[PDB]
Every structure is written in structure tokens, then in C-alpha cells.
Amino acid sequence: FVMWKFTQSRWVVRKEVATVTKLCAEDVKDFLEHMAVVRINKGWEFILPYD
Amino acid sequence: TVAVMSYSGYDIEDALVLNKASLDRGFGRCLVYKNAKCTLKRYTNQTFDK
Amino acid sequence: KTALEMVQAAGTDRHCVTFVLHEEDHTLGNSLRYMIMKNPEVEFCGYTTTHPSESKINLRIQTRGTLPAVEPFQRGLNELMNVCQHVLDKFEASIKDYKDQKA
Amino acid sequence: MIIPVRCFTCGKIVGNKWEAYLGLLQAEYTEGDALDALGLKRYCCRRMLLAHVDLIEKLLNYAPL
Amino acid sequence: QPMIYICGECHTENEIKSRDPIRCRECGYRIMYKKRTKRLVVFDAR
Amino acid sequence: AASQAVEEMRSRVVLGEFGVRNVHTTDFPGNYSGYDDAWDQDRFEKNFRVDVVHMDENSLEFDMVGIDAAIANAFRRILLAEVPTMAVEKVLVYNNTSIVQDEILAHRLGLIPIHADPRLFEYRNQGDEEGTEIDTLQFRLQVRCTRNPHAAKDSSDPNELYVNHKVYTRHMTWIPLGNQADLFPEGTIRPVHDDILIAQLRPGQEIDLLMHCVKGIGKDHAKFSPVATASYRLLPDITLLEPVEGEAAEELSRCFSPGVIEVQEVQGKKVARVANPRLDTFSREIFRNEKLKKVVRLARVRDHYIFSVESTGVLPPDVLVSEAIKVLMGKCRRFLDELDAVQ
Ligand SMILES: [Zn+2]
Ligand SMILES: [Zn+2]
């Protein structure tokens, strides 16, 4: 689901992902850190640019 | 929130002054857990501690 | 038993008196000290604490002439009570007019 | 173990804001702006909320249940 | 008198008498705790 | 001159680069020759005044002019310690299976404030643990955590996995005694914030307890303190020795608080001036600039104290100050009665 959200939009909301997947904050944080980084005032952005 | 100063002269040599209200609000609260073990072993004869 | 008097020595001299006050702290001590220091008939006025474990204070008053040093104490108490009443009335009126102008 | 209800220095009610601070963390708010929005002007409450470690869940993971 | 205990892993109320092998049903764990008392205990908030 | 120096020493409190000077109250008879500092109730009532600048729920700010540091500190300490309120004292537990220790739970419950009006209650006599309807309040807390019968397959979040897993203070139920149900209307006796997290449980655990609260002052224990932060500060009054203009104006604006120094273009050039010294906190950052040291003069007014009182929500700060003044007056009356009985 996280990868699908990233493919649909470059910006993913941790709160929305958590509310949808009903998962815990630590698991959501691990899933987001495995493939993205934190950006202020924008949420989570993909670590690599559009190739 | 420590304040480096002399107060009431109760901190002459390495001592420090604590706040009654801070200690009442839970600051420094400690818990000491001790264990008390007992054994009820069977001896050679067919008798046991009860 | 709350407030007790003590003379300076066995001679029972009223020029210097010591008032020992129980179940008190620095608040009333300093308040009465400030309220009685302005009395022109007081040579010396000083409050102290015996020990932080026990809740008691000791005030000492030495007058100028032949004042018993009890009339200045009563004067200071009455002046403190009057100041308290005045500040209470002023704060009540202030809060009232503030609510009035806010509403 | 658990967030204290009262602050050590002053004594402002801070235990009721722990879940709010956790929500602000889950959100995009940073520590500074989160503590500022929570209404903590003096630094004592900021320290109380920031230096606190959440071990109640770690202990409940071992609780009998 | 029915003496009750709690298992270390199953956490089920088991009743055993005196001089019995400490064990718990549907398992084999040998840790048995005693339930909390029912008497009234007074605590001070100081 | 000498007169100006004496006036400054007796009115203002100057803060130096290394230390503060003129910190002791000296306005007393005999200390000054050209000043009759004898006590005068008329002059005191004439010069004294109180002005509230901000008053909201559980927060008050008011400037008192004419009062002395002694009485200011007296009021502050009375508000901090000598104001009685209601707080949980006795905790009777019944099969508490929570992981939190019983003593820690009792301490946390005692630290919880109560919205009950303390003026309607009295102090409990020596002993009498049973408590009477006049001087006791009972709060029951019974929370049994269990698994949610309807939840998702994973339900990784405890909010969905379990119910009542966080015992908030809103679960407390006030149990009336005697005619207290008729005296106090429903909804008055309740926790202040109603959102304080007491503890966290798991399925199988249960917290059952009763809390007896009585009247007490903050001096005995900090749980009775109604005011969270009740303090006072002298009014700052920043004065410029010589007119500072140019980029020095912006330097002054950056050194002092953003809301005390304002720059204006009266003739096309920027000149700084003091707008509102209230917002200034005397960070003493102006001493860093070598040239701007001998151009300003920081000072505090000795007879002007801004009192700021932020309470916990038990009763409003105006009534808190009223009760503090009433307690001080009661102490004065008790001492007067004791002296009268002695003489
Ligand atoms: Zn604090
Ligand atoms: Zn078992």
C-alpha cells in the first residue's frame, strides 16, 4: 500500500497511511524510512528523484 | 532545573538543597525491590517441611 | 500559645521585646517587618528563623524611648490589615470594571 | 515508565498533553513547534515532555495479560 | 478450602491442594503465582 | 546630581553588566534626610492602584503600582502555599492488577486536581480516617480492560485491539455523601482537565479504587497548590541617554525584544524609541555591542509589579487572589486576637 501511494503521488502522509493500514506508528515509520525521507512542510518524499 | 548558587548555607561542602514541592510532585521517586526466598525440601526420611 | 512575648533579660525591660510566633513562615514575618519599620518610634526591628525543621519565627523589636514595644506591634498589625483590606477592595473593583468593559 | 501528571519545577498539568504531543509527532509538526502549539512557554514543561521516555508499552508487552 | 493460583504463561485460574506437583493444564509451565489479596488496603498519596 | 542619584537609588533598580545595584528597599524614615518616608495611609491609598492587562480562563496578569516588594512576595508565597484546595489523600484499592505500582498510582491520583470549591468544605480533624460528609469527597474509579469483541484481523493498534486500555481521569465518578448530591449540582464535582492519563492497562488487568479527598494547604504538600505558576516581576523602563539613530536603531531593535524598541522615519532616517517596555525581558544582550553600552540604561521600577498567575483550573485566579488576601487578613486577625488575650 505504501509503494502504491508513492507511485500514485510523490508525497505520502504518514497519518493517512497509518489510519488506512491500521498499523502501528513504529511499523509505519519503518516502512516510510525504508524508501523515503522526511521533508518539512511536505511530509515524506521519495529518496531518489524521478528517473 | 538546577541553579548554581549558595542558599541558606546548607550546601557548604558538596551538598545540595532540594525543593520540597519538586520532591512532592514525584521528582527523585525511587523503588527498592527485595527478594525473600524460602525452600521446603524433602529429607532422606519420608517427611517434608510444611 | 501561638504568639508569646519575651523580655530582653530578667530585669523585664519593655524597650526591647521578642515575639515568638508559631506555625508561621517568612511571609508574615517580612510583611510585619516592612509594615512596622516605617514606625518612627522603632530603633531596631528584625525577624529570624530558629530552624527550618520547626515552623516558628522570632521577631525582635527595640524602641527608641520608653515605648512598651507592644503598641508598635499592634500598630503594625492594624496597618497590615488595613493595607490588605484596601488592596482587596481595589482588586475587586478592578476585576469588576474589567469584566464590565470586556462584556 | 509513564508521563508524570505534574511538572517537577512549576507543577503545570502535563500528563494530559502526552497523547496530544504523540499525535503532533505522528503529524508533520516538529518538536519545537509542537511544544509551542501545546502552550508550553517556559522551558520546564518543554523539557518534561521532550526528555520523557515511553516505557509503559514496553512493560505491558511483558505484562501477564 | 479452594486455593487458587495463576500460571506464568496461560494466566488461567488453577485450583490445587497441598503437596501436589506444581503444574498447569493445557501446558507444562512450572511457574505459579498467587493472586492478589481481597482485603482492603489503605494507601497514602504522599 | 546628588538629588538625581538619590531619586534613582530610591525609585529604580539598575542592572549592571556584572551585577545589579540598588536592590534593597530603603524608603523608610531615618534613611533619607530630604524625604519624609514615614508611613501614611492617605498617600498609600492615593498612590496605590491595580490594572488588569489580561484575564482569561486559568490565567491572569495585573500590574500593581504602589505596593512594596515585601507585600508582593507575601502575596506570592500565600498564593503558592497558603491557599487551601481539595486533593486526593486516601486511596483504598481492591484487587489492582495493573503493572503500575500501587504507591505510584496513589501518588499520581493525589497529583490530580479537583474542581471542588474549597470554601464549602473544612479541614479534617486529627485522625478520623472514616471522614465526615462536611470534610471529605469520594471518587470511585473502576476500569476493567478487555479485548474488543469486534476488531480487524491484524489490529496492530491497541486502540482497536483493546477497549478502555488507557485509564483517563474522566472515568472517575464522584459518589455523593449525605446531602452533597443536593448541595452540589451534577457536573460541578469532576476532574479539572478530564483528560489526564493515569495509567495504561492490558486485557485481564483491572483497576478498582476509591479516593477520599480532604481540604489542605499547599505548604503541607504540593498537590494542594492551586496556582501552577504565580509570580511577579518589576516593570522594566528602558531609557536612552542619547538619541540613537541609523543602523544603530536596527541594532537596538535586534538586541532588545522585538516588541519594545520600534524604529520610525521622522525625517527620512531610522530612529529607535521605546514602544512597550512590558514585552522586554532584560536579556542583557545590549552589553555585547561595545558602542551601544553607554547609550541605554536598563532599569526596573521598584513600586510597579506585574503579577502573572496561571492556575491549574480549580478556581479562577481573581478568586484565588481574593482568598489569599482573605487568608492573610485572617492570620492578622488571629494574631491581633492572641495579643489582645495576652494583654
Ligand atoms: Zn513545567
Ligand atoms: Zn498454564
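The PDB entry lists chain F under the name DNA-directed RNA polymerases I and III subunit RPAC1, with Homo sapiens given as the organism. What the PDB entry is called, per its title line, is "Human RNA Polymerase III de novo transcribing complex 5 (TC5)".

Going by the annotation in the PDB entry, the name recorded for chain C is DNA-directed RNA polymerases I and III subunit RPAC2, with Homo sapiens given as the source organism. Regarding chain C, the UniProt comment filed under Function reads as follows: "DNA-dependent RNA polymerase catalyzes the transcription of DNA into RNA using the four ribonucleoside triphosphates as substrates. Common component of RNA polymerases I and III which synthesize ribosomal RNA precursors and short non-coding RNAs including 5S rRNA, snRNAs, tRNAs and miRNAs, respectively."

Caption draft 1: View of the coordination of the zinc ion (ligand 1). Residues and elements named next belong to chain D. Protein coordination of the zinc ion (ligand 1) is provided by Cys7 (SG), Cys10 (SG), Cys44 (SG) and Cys45 (SG), with donor distances spanning 2.4 to 2.5 Å. Between the 4 donor atoms coordinating the zinc ion (ligand 1), the angles at the centre fall across 93 to 133°, so the site counts as tetrahedral. Sequence spacing of the donor residues for the zinc ion (ligand 1), all on one chain, is C-x2-C-x33-C-C. In this pair, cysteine 10 sits in the segment before helix 1 (18-26) while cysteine 45 sits in helix 3 (residues 43-50), placing the two residues 35 residues apart along the sequence. For the pair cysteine 10 and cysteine 45, one class covers both residues: buried.

Caption draft 2: Fine view of the sheet that holds strand 9 (residues 173-175) of chain F. Taken in spatial order, the 5 strands line up as 4(E)-4(F)-11(F)-5(F)-9(F) in an open sheet, and their pairing is antiparallel. Among the strands making up the open sheet, the edge pair consists of strand 4 (41-44) of chain E together with strand 9 of chain F. If you compare each strand with its neighbour and ignore which way they point, the axes differ by 30° on average. Where helix 4 (residues 102-110) of chain F meets the sheet, its contacts fall on strand 4 of chain E together with strand 4 (85-93), strand 5 (137-144) and strand 11 (206-216) of chain F, and the angle it forms with strand 4 of chain F comes to roughly 155°.

Caption draft 3: Layout of the interface of chain F and chain C. Listed per partner, the contact involves 48 residues of chain F and 41 residues of chain C. For the pairing of chain F and chain C, the buried interface totals around 4100 Å² over both sides, and the portion due to carbon and sulfur atoms is 71%. Summed over the shared surface of chain F and chain C, the number is 4 salt bridges. Linking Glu23(C) and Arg334(F) is a salt bridge whose minimum nitrogen-to-oxygen distance equals 3.5 Å. At the surface where chain F touches chain C, the tally comes to 7 residue pairs in polar contact. When residues of the side of chain F that touches chain C are traced back to their parent elements, those giving at least two are helix 2 (41-47), strand 2 (49-56), strand 3 (59-65), helix 3 (69-81) and helix 8 (317-342) of chain F. Looking at the side of chain F that touches chain C, its residues break down into 28 nonpolar, 4 polar and 16 charged.

Caption draft 4: Spatial organisation of the sheet that holds strand 4 (residues 56-63) of chain C. Taken in spatial order, the 4 strands of this open sheet run 1-2-4-3 (chain C), and their pairing is antiparallel. Two strands bound the open sheet, and with one partner strand each, they are strand 1 (3-7) and strand 3 (42-49) of chain C. In this sheet, neighbouring strand axes are inclined to one another by 20° on average, regardless of whether the strands run parallel or antiparallel. With respect to the sheet, helix 1 (residues 26-37) of chain C is in contact with strand 3 and strand 4 of chain C, its orientation differing from that of strand 3 of chain C by roughly 175°. Where helix 8 of chain F meets the sheet, it contacts strand 1 and strand 2 (16-22) of chain C, and its direction lies at approximately 50° from that of strand 1 of chain C.

Caption draft 5: Inspection of the coordination of the zinc ion (ligand 2) at higher detail. Residues and elements named next belong to chain E. Ligation of the zinc ion (ligand 2) by protein atoms is provided by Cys7 (SG), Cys10 (SG), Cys24 (SG) and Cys27 (SG), these donors lying 2.4 to 2.7 Å from the ion. One can describe the site at the zinc ion (ligand 2) as irregular: its 4 donor atoms subtend angles covering 84 to 137° at the metal. Written as a sequence motif, the donor arrangement for the zinc ion (ligand 2) is C-x2-C-x13-C-x2-C. With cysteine 7 in strand 1 (residues 4-7) and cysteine 27 in the loop between strand 2 (13-15) and strand 3 (32-33), the pair connects residues that are 20 residues apart, well separated along the chain. Since its relative accessible area comes to 1%, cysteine 7 is described here as buried.

Caption draft 6: Just the interface of chain B and chain F, in detail. Contacts between the two partners involve 8 residues from chain B and, on the opposite side, 9 residues from chain F. At the boundary of chain B with chain F, total buried surface from both sides reaches about 660 Å², with 58% on carbon and sulfur atoms. The largest per-residue losses of area from chain B upon contact with chain F belong to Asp24(B), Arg25(B) and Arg29(B), which jointly make up 62% of the total buried on that side. At the junction of chain B with chain F, the criterion picks out 0 salt bridges. Counting every contact that joins chain B to chain F gives 4 residue pairs in polar contact. Partitioning the side of chain B that touches chain F into residue classes produces 3 nonpolar, 1 polar and 4 charged.

Rules and cut-offs
Residues numbered from 1 in each chain as written, not as in the entry; some residues may be left out. Chains lettered and ligands numbered in written order. Part of a larger assembly, values for the part shown. Heavy atoms only, no water. Residues with missing side-chain atoms left out of burial classes, pairs and counts. UniProt positions renumbered as here; feature names shortened; annotations may be inferred. Donors = N, O, S within 2.8 Å, 3.2 Å for Na, K, Ca; no water. Tetrahedral: all angles 85-135°; square planar, octahedral: opposite > 155°, others 65-115°. Helix = DSSP H or I, 4+ residues; strand = E, 2+ residues; numbered from the N terminus. Buried < 20%, exposed > 50% of the residue type's maximum accessible area, 1.4 Å probe, protein only. Pairing = 2+ DSSP bridges. Axes fitted to C-alpha atoms, helices over the stretch in contact; angles between N-to-C directions. Contact = heavy atoms within 4.5 Å. Buried area = accessible area lost by both parts, 1.4 Å probe. Salt bridge = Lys/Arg side-chain N within 4 Å of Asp/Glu carboxyl O. Polar contact = N/O pair within 3.5 Å; in protein donor to acceptor, adjacent residues only side chain to side chain. Nonpolar A, V, L, I, M, F, W, Y, C, P; charged D, E, K, R; others polar.

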